[PDB]
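Novice: I need the structure of the sequence given here:
(one chain, ligands or ions: 2)
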Amino acid sequence: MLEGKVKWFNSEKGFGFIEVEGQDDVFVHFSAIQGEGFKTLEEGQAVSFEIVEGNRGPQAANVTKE
Ligand SMILES: [Mg+2]
Ligand code: NA
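Specialist: Numbers count the residues shown, from 1 in each chain. Ligands and ions are numbered 1, 2, ... in the order given. Structure data below:
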């Protein structure tokens, strides 16, 4: 599990990017967010996550707010 922070997140549509010091930003969709409640993220929030890649390229998976 990787660690980073939310660079920005469009809460209306439910996507944004996670920034990771010294690595490429990682796209995050709301469907990757763990936990209860409305799935959303705020700029600057600390997260743990994994990167999942298929034919569409890499995105965040298993995103937990820390
Ligand atoms: Mg950067
Ligand atoms: Na939820």
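Novice: So for the protein, the centremost residue is which one?
Specialist: Centroid-nearest residue in the chain: residue 28, 3.8 Å away (criterion: CA atoms, centre = their mean).
Novice: Once you drop chain neighbours, what's closest to that residue?
Specialist: residue 60 (4.0 Å; CB to CB, 6 or more residues apart in numbering). To be clear about C-beta, it is placed using only N, CA and C from the backbone, and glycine gets the same treatment.
Novice: secondary structure element for that neighbour?
Specialist: Using DSSP states H and E, the element containing residue 60 is strand 57-65.
Novice: if we can go back for a sec, now do the contacts for the residue nearest to the centre of the chain.
Specialist: 6, 9, 15, 16, 17, 18, 41, 49, 59, 60, 63 (CB atoms under 8 Å, 6 or more residues apart in numbering).
Novice: Would you state the strands of this protein in chain order?
Specialist: Assigned by DSSP state E, the chain shows strands spanning 2-10, 15-20, 23-29, 46-54, 57-65.
Novice: Now do the second one against strand 46-54, angle only.
Specialist: Read it as strand 15-20. 110 degrees (axes from the mean of the first three to the mean of the last three CA atoms, to 10 degrees).
Novice: Centre of the chain to strand 15-20, how far?
Specialist: How far strand 15-20 lies from its chain's middle: 5 Å, per CA atoms, centre = their mean, to the nearest Å.
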